Amino acid sequence: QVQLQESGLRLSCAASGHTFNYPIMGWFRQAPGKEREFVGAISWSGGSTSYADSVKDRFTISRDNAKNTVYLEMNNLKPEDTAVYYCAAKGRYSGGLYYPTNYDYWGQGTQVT
Amino acid sequence: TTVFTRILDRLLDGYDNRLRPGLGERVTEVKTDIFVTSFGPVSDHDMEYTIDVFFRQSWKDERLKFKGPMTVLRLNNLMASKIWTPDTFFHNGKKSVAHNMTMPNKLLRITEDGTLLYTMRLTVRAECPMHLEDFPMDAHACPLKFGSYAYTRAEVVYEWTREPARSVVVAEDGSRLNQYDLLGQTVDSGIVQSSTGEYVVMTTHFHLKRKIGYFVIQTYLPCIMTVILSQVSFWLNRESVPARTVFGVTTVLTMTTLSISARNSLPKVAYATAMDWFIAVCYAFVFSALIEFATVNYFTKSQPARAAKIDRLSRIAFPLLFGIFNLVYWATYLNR
Amino acid sequence: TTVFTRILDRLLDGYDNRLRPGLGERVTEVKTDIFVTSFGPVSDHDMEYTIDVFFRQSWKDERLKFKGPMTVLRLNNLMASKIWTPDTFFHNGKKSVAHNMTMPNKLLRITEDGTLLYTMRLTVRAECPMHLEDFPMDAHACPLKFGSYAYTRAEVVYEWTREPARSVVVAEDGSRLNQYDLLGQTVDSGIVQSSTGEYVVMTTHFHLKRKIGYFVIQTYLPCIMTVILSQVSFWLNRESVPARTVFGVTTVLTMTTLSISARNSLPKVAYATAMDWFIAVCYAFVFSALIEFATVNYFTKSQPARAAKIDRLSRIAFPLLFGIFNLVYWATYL
Amino acid sequence: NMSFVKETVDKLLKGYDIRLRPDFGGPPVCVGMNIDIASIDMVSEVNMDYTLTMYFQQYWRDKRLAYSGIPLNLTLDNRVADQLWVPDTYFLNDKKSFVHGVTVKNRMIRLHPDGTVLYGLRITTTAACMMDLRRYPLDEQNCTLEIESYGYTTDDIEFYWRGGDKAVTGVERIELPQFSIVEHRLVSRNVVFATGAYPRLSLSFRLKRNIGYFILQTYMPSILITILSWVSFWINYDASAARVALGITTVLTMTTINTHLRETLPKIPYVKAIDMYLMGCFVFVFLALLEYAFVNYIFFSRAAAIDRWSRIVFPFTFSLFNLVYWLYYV
Amino acid sequence: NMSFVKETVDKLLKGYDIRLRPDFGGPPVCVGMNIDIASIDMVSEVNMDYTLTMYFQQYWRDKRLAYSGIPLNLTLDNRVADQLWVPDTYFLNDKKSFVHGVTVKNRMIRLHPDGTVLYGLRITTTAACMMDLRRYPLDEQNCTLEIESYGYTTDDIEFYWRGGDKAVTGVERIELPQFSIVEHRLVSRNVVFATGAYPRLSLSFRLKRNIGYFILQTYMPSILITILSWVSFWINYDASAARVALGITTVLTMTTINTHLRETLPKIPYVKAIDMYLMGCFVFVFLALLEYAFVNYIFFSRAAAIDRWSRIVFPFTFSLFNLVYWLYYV
Amino acid sequence: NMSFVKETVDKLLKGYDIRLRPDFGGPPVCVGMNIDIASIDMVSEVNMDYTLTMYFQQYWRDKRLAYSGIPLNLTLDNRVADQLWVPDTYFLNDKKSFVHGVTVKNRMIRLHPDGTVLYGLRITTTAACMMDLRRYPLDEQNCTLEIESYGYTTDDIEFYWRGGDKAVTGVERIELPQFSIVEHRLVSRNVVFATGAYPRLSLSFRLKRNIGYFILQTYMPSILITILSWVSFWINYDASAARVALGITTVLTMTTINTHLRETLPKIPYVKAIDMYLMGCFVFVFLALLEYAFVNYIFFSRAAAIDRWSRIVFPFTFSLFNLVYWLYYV
Ligand SMILES: *[C@@H]1O[C@H](CO)[C@@H](O[C@@H]2O[C@H](CO)[C@@H](O[C@@H]3O[C@H](CO[C@H]4O[C@H](CO)[C@@H](O)[C@H](O)[C@@H]4O)[C@@H](O)[C@H](O[C@H]4O[C@H](CO)[C@@H](O)[C@H](O)[C@@H]4O)[C@@H]3O)[C@H](O)[C@H]2NC(C)=O)[C@H](O)[C@H]1NC(C)=O
Ligand SMILES: *[C@@H]1O[C@H](CO)[C@@H](O[C@@H]2O[C@H](CO)[C@@H](O[C@@H]3O[C@H](CO[C@H]4O[C@H](CO)[C@@H](O)[C@H](O)[C@@H]4O)[C@@H](O)[C@H](O[C@H]4O[C@H](CO)[C@@H](O)[C@H](O)[C@@H]4O)[C@@H]3O)[C@H](O)[C@H]2NC(C)=O)[C@H](O)[C@H]1NC(C)=O
Ligand SMILES: *[C@@H]1O[C@H](CO)[C@@H](O[C@@H]2O[C@H](CO)[C@@H](O[C@@H]3O[C@H](CO[C@H]4O[C@H](CO)[C@@H](O)[C@H](O)[C@@H]4O)[C@@H](O)[C@H](O)[C@@H]3O)[C@H](O)[C@H]2NC(C)=O)[C@H](O)[C@H]1NC(C)=O
Ligand SMILES: *[C@@H]1O[C@H](CO)[C@@H](O[C@@H]2O[C@H](CO)[C@@H](O)[C@H](O)[C@H]2NC(C)=O)[C@H](O)[C@H]1NC(C)=O
Ligand SMILES: *[C@@H]1O[C@H](CO)[C@@H](O[C@@H]2O[C@H](CO)[C@@H](O)[C@H](O)[C@H]2NC(C)=O)[C@H](O)[C@H]1NC(C)=O
Ligand SMILES: *[C@@H]1O[C@H](CO)[C@@H](O)[C@H](O)[C@H]1NC(C)=O
Ligand SMILES: *[C@H]1O[C@H](CO)[C@@H](O)[C@H](O)[C@H]1NC(C)=O
Ligand SMILES: CCCCCCCC
Ligand SMILES: NCCc1c[nH]cn1
Ligand SMILES: [Zn+2]
């Protein structure tokens, strides 16, 4: 099991528990109208990052394994970024990064505007 | 001549190899025989053993009767692919090879009354579950089980060709066993109830006993003389502290090297073997000798009478303790 | 669109791939060319070397003449199985493999005049007979011999496409050699007699020279340091019997461990190599350095005048003798 | 009649397209999976995989293969599998897998009058499972086998475990040399790719390393050599030869122990608990010798006070280190 | 309803010649490629290779396979690939490879109404990348996969990365204990051989080696042994047995360390960065023993002055050597 | 005219029955065998086998393949082997083997106008080799290659060597690394199995192990260390530290030598001749150390007399041990 917390520019998500079974941490976004979309992904081991096209350079995801945290740094903020952000964890063999269904554990949302 | 070609073509017309002899009339009885050409090496590290065999199966097929000049016709292995043959497998096989040098190593013989004999040369790398508590004094009964894959008991039943004990024949010349003695074999038959159904299983256990002389000369003797060397330290004079100190600590180093080699040889199993207990006891003796020297050196300058008493008691006691341990160990592990 | 299908059908009716071109008219002349994509690792233990190549063959087949819109048909490898191709094989190969990455790595090209190019991708693991007396200073000429398996000299004859020297081409980036330097190659042709008959054999010797830096920094220099240590024993005071004794015996143990370290680098051969001689000489020097102390200690008190003489003579002698040994060895083997 | 069965089979196979999924335009085919584990041979830490032999059965339904007039279940020769459509199942974890092939290809096709088909295979698979060896050799691994269809999405095919939790058999009987299978779990899910959503099954074992062998062989030699390094202290401080020889020989013995356990460890290049313990013991013996360095420096330039201080401190410090190590890694 | 697809497939493969690529006389056929990296199992410095498992998708246009009246895509059985033309791709830097075949040949063919074909394979390849281990274990490697067309020149076939930089995915799935991927790159170009010019697609990875294991296991013991060699200076000058035993046993321990890291580390026969450090430490330990020999000759044959000078020099010189070493390679 | 040859071979193969042998009801067919040994690549004592690369040629008469009007020998493609009857000859003592396949399956078929067929293969065979290594490394090994017909009894087939003693060639061009082929023999005999009597040919070699390597590289270090052991007698009886260090360091050196010639020498778990020599040397060193301990107990607890007795006896006893060892194994 994996327990996730989110601390609300700069934002972070801490994870605890069976972190090895779920090495990929995914950041998703959801507005009131649109469904959950993919923002970014980071490996717990190696710190390899993948980004969405819209936030390829504006946002960054980094890793800090000492505290077991993933840091989402936000720059060049637009009003379209106003949404709730979700931290989730994906198993080793669960397909692509871009699909919310593949992610098992979902953290509590964090609303930003 | 062309008579035999016509006969073989008259056999292979309307013959469905997918079906079984007596698919809805009776049970297909397959009489089996094994000739072990060589009993390959037994790998205790992988818990397996290789065996080279001529595997012979005989059954009856009324669809393959003929009345020709020859009572029995001996065909190449090509015919066997065009004829139904039993789907025998090895239940405890890890990976086995049907040899194929210059031809598939198979023979098919058809008798006039429809009796088929099918033989093939195999090298089976069967798995042998091993309990190495008594290593290197352990003995094993490695199994070899075979039976049909798809056909249940109600469809195909295996039998031994002539007699159970005489239906598995081991060649005299072919042994291929380095550190084992083959104490005969025991054959039997039974039924295994899987999820799909009940299957006839023919089993053969080969009884193996490990040879001990290699470990006697190579591990046990150097450890014994190393601990005896540690015992010799007590007879040196007490005033030569650097001599006895070097002796004890470098003897600990020697015991460490020998023990490390012993661990390197033995297979990786997660419990204590007899060799492990022997090595642990010897290492404990070697450590205890140096601790005793340390106490004697502590008491050598103050109340030296106690130091002399300790040295004498150590001389009398430690070799006696090691001898008692050796006698108990050997009487335990060799009288089985 | 469909013209080429008709042409290919017209080529493969009446064709017999069992019969070579000119079965009873002429000698099939096969023009061979090799492009060595990589020269794989050379294994002294197994006395073998690996080489990954584009093996090219070319010959004229009059049965495959055609006229059409295209001068050359660049057909896939499926066509290769339906026509006669030479049965080339490597005489000194051990276990080669024709690569099959998503298809057989072959190409077939048929020209209108009957000419036919057939190229293949191979990884040949050939055997290199090595004489390792001068190990690690040895140098080898590893061979690559190939020719037809079934067709004799009177049936199939092999030739080089453009020139013997310029045929075998080695890629500039395909080195794959750790402890060897490839000093070019020499290409040749010949005839090998056999029980079945005479056969044409194309030969290519690749000249290899070992690199010595690994052994120099790993085996030779530690042994030189240990013997130098064994020789510093003479300068220590002769009254320190335990010190010289432990020093000498631990130096002997250090030299034994170094010899065991150099054990695995050697391959198993029945003759002493250069490094074997070096190790033996160093080990004997370490032996003598402590036999010297033994005799000195024996004469330390009964004949004290003599012991100092032995120490001085040994001090002057042992470094000089090992120095001349190094000079002779490193001049002979280089 | 026997020939009647032949005619029935020929009629069934005639006009049969192996390339077309059953009910090609209809709903997806429900394939029920079943496994009987024969053995889990190796659990390789260095390669981070494990070998597993299984009888893998797949049940599905094909109306094209329905027959009447033959009450028996037609158990046909395995070669008929070439002429039928079989599901597109494969394993993602396998580094190398093969179907056993001796005396026949170890396959079974069993047809039924209802049209349901059973397809059994004996498969040996070298499945890849990651191992968190940070706490090695006190660790709890979780190695899994993942089953999925390569070609057909969830709209075309559907997987499930036949028998629920009883689908997999043989875990209770199989025993490993170095591990114990605490639990096995069956999971079914759907995984979304770029191509589409595919079905997936998962058989996950939890392995707990048995700890009765590393203590017997790894920790105790280091602990006893450290104890001898402490025995160095109780020797009188004027006997420089004895103390220095004991300390440096203990250092040499620890070096030998470290090198040969490196030879007899999984040899994965990243730090583990046993490496930390061995380096702690090595640092302890090194400090034990450097303590005599201090003592000899001070006495020739009280010293027994430092020896008594070391006598009380070194065992206590090592006990504290052992307690911290055995609490952190448990 | 289902037969109609059968005649559609039959007439698609009727008159279809696999020997001719699409547009045999026409312009070159464009083939897009995607790769999904399942894992990189091994990276061996002994063999200078790495094992890569991947889903390799190819995508091209074949007008001969166009069909009408069936708007849905035909996801056909893998065996259909035997009857179709395929781009004949290969990897130049391969050593040994295979396509996974457990329960089915792990291939997929998907036809589209406009004649477009999507081919897919699951391939394990032991590719060769040469490594410059002069900086080992402080080194950064570059390993590449070289996709190429064998039989078809640049005027017969054209390669491109479908999706551009997004063509290759699954680099997040790569998880090497002793390496970390700092970057991956896609390149497309043409390469000229004697037979013609061919298209080339290169997938490159830069790997940085993690040095925690090496620092823990190789560097620190050789430093502690050197410190123990320095301890000989503080002891005495007349205690010859103790100092000589310490120095020569330190030399023995260094030789043991060098041998047992030689025979346990990967065997690459030429100089490396770790070898320079080890030989420097060996030189320091050897010179400590030579220092005591010089002191003994001076005294028995000022000694305290030499001891003090060695005390204030050997740590300083070793720190200088470490500073030079750890700046050259970082 | 290739058309004439084409129709000739077509009518030859038309009506040919591969299932039936030549003279299926007639007398047995005689197959004559030739061998050309390219090399004996490997000889392993661990696996008890040797690798052998060989050109294996078989000659037999077949009335069904006689042709007229074509004076030349018809050398056909290797694929013609699929359509013809070839003898089923297997190597009984084979473990792993194959026919080479570089650019073609390395086969040759050569027909003659009178029906004679020459069938040649290039075969690599890892044949079993039961070695009696009790005298190792001073042993001679006789291991052979045994060719037999699998399916055809002596009533159906007959084997013989063509050219008699000249049937096998290439033996004297073989240069093994640490072996020397002394003699080779060819035998022909009938072997009775349960199924029937079959013909067997046996090609036997006698191998002598070269000894220079072993005497230099294994024996000599353990003889010179035993000689180091005797320096203990010439030092003193009062000098305790030096003599104890010498004795135990000799013991440790012998232990290290034995434990490493373990892993370098091949793995054969049973006692050998080298083991006896190493054990004798170890016993001699152990006895020398016991001799010093006895002297020390006598003096501190006549000593010079025992030292002189040991000086005279130990070299003499070791020389006697060497004599009885070398006489028993030569
Ligand atoms: C060893 O390691 C493996 C791999 O990490 C662990 O397995 C995972 O296993 C657990 C089971 O313990 C799985 O949990 C389950 O997933 C099932 C399928 O999933 C759905 O996923 C989401 C859920 O939001 C949706 O898309 C959709 O609903 C899917 O159906 C669920 O059906 C399971 O549900 C049960 O639990 C939940 C929560 O308590 C209940 O609400 C349900 O009603 C039901 O009772 C469950 O959620 C997990 O998916 C696996 N993940 C993988 C394979 O990536 C092993 O547990 C671990 N330990 C071992 C083997 O001992
Ligand atoms: C390596 O080691 C193997 C195993 O020990 C040796 O093998 C044996 O070799 C000997 C010869 O060296 C063989 O003996 C010969 O067998 C021939 C064939 O024998 C069978 O057939 C005859 C009828 O043809 C029967 O009568 C007989 O019973 C067998 O059934 C015989 O024809 C030979 O006879 C000749 O020599 C003998 C002895 O000199 C004479 O008395 C005869 O008159 C005749 O001239 C001979 O007996 C033996 O069969 C082999 N055995 C096996 C199991 O292979 C290798 O020789 C050895 N090689 C090397 C190089 O060391
Ligand atoms: C690992 O090492 C590899 C080899 O050293 C690195 O690959 C080289 O990578 C660079 C950077 O990506 C490439 O440079 C580009 O090539 C493209 C295409 O080149 C060709 O086509 C043009 C068309 O005109 C032609 O002019 C060129 O000569 C080429 O024939 C160019 O468009 C770019 O401008 C740039 O030059 C190299 O081509 C490439 N070479 C090889 C042999 O692969 C790789 O980058 C390294 N890995 C990492 C992670 O950096
Ligand atoms: C297979 O056919 C379907 C239609 O039956 C194609 O559908 C596409 O639909 C998705 C849904 O959003 C779009 O993103 C794609 O752009 C559509 N295709 C095109 C060409 O525009 C589907 O693309 C086909 N499969 C493939 C691999 O192209
Ligand atoms: C065809 O085959 C025959 C039979 O091998 C060849 O004739 C033998 O050739 C060898 C070598 O030239 C001679 O030593 C023999 O005396 C010949 N006769 C026999 C019975 O072996 C013949 O040369 C081959 N070629 C042709 C064109 O006939
Ligand atoms: C074995 O060899 C025969 C011909 O000798 C061939 O027909 C068959 O396909 C081969 N089988 C295998 C598994 O190699
Ligand atoms: C490649 O060669 C192998 C033989 O090694 C053969 O079985 C296979 O059909 C060939 N083609 C492909 C696509 O693998
Ligand atoms: C092995 C050489 C010994 C030299 C002894 C010197 C005697 C004067
Ligand atoms: N079954 C995996 C199909 C796939 C993977 N990647 C893209 N498509
Ligand atoms: Zn060692």
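Protein chains in written order, with the authors' numbering: chain F, 1 to 8, 405 to 509; chain D, 12 to 319, 391 to 418; chain A, 12 to 319, 391 to 416; chain C, 8 to 308, 419 to 447; chain B, 8 to 308, 419 to 447; chain E, 8 to 308, 422 to 450.
Ideal Cβ placement from N, Cα and C applies to all residues, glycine included.
Separation of residue 146/C from residue 206/C, as counted between CA atoms: Counted from its first residue, the fourth sequence places residue 206/C at position 199. Counted from its first residue, the fourth sequence places residue 146/C at position 139. Put simply, the backbone Cα of residue 206/C is about 31 Å away from that of residue 146/C.
Below 6 Å from a heavy atom of ligand 1 - residues by beta-carbon: This criterion selects 417/F, 487/F, 490/F, 497/F, 500/F, 149/C, 151/C, 190/C, 192/C, 194/C, 196/C, 209/C, 211/C and 213/C.
CB contact check: residue 113/B to chain C, cutoff 7 Å: What you label residue 113/B is simply residue 106 of the fifth sequence in a count that begins at 1. When Cβ-Cβ separations below 7 Å define contact, residue 113/B makes contact with chain C.
Cross-chain neighbours of residue 459/F in chain C, by beta carbon under 8 Å: What you label residue 459/F is simply residue 63 of the first sequence in a count that begins at 1. None at all; the shortest Cβ gap to chain C is about 17 Å.
Own chain partners of residue 104/A with C-beta closer than 6 Å, once the 5 adjacent residues on each side are dropped: Mapped onto the third sequence, residue 104/A falls at position 93. Within the same chain, Cβ atoms closer than 6 Å to the Cβ of residue 104/A are found at 135 and 137, the five residues on either side in sequence being excluded.
Min CB distance residue 206/B to chain C below 7 Å: Looking up residue 206/B in the fifth sequence gives position 199. For residue 206/B, no CB of chain C lies under 7 Å from its own CB, so it is not counted at the interface with that chain.
Residues near ligand 9, criterion Cβ-heavy atom distance below 5 Å: Per the Cβ criterion, the list is 157/C, 200/C, 202/C, 43/B and 62/B.
Minimum Cβ-Cβ distance from residue 168/D to chain C less than 7 Å: One-based indexing of the second sequence puts residue 168/D at position 157. No, because no Cβ of chain C sits closer than 7 Å to the Cβ of residue 168/D.
Chain E contact for residue 251/D (CB, 7 Å cutoff): If you number the second sequence from 1, residue 251/D lands on position 240. Judged by the 7 Å Cβ criterion, residue 251/D is in contact with chain E.
In chain order, each beta strand (DSSP E) run of at least 3 residues that lies wholly inside the region 160 to 239 of chain E: Look at the region 160 to 239 of chain E and you find these whole runs of beta strand (DSSP E), each 3 residues long or longer: 164 to 168, 186 to 199 and 204 to 216.
In DSSP terms, what residue 28/B is bridged to: As a first step, residue 28/B must be located in the fifth sequence, where it is residue number 21. Within the DSSP secondary-structure output, residue 28/B pairs in no beta bridge.
Supposed close pair residue 448/D, residue 125/D - CB separation, criterion 8 Å: Residue 448/D falls outside the range modelled here, since chain D spans only 12 to 418, and no answer is possible.
N-terminal and C-terminal residue of the alpha helix (DSSP H) that residue 288/E is part of: Your numbering for residue 288/E matches position 281 in the sixth sequence. Segment 280 to 307, the alpha helix (DSSP H) holding residue 288/E.
Contact with chain F by residue 56/C, beta-carbon distance below 7 Å: Position 49 of the fourth sequence holds residue 56/C. With its beta carbon at least 7 Å from every one in chain F, residue 56/C lies outside the interface.
Distance between residue 51/E and residue 141/C (C-alpha atoms, nearest Å): On the fourth sequence, residue 141/C is found 134 positions in, with the first residue counted as 1. On the sixth sequence, residue 51/E is found 44 positions in, with the first residue counted as 1. C-alpha of residue 141/C to C-alpha of residue 51/E: approximately 39 Å in a straight line.
Spatial distance of residue 14/B from residue 76/B (CA atoms): Position 7 of the fifth sequence holds residue 14/B. Position 69 of the fifth sequence holds residue 76/B. Going from the Cα of residue 14/B to the Cα of residue 76/B covers about 12 Å.
CB contact below 7 Å: residue 172/E versus chain A: Counting from 1 along the sixth sequence, the entry for residue 172/E is found at position 165. Any Cβ of chain A closer than 7 Å to the Cβ of residue 172/E would place that residue at the interface, and such an atom is absent.
Residue of 257/E, 11/E and 292/E minimising C-alpha distance to residue 35/A: Translated into the one-based positions of the third sequence, residue 35/A becomes position 24. If we check each option's Cα against that of residue 35/A, 11/E comes out closest.
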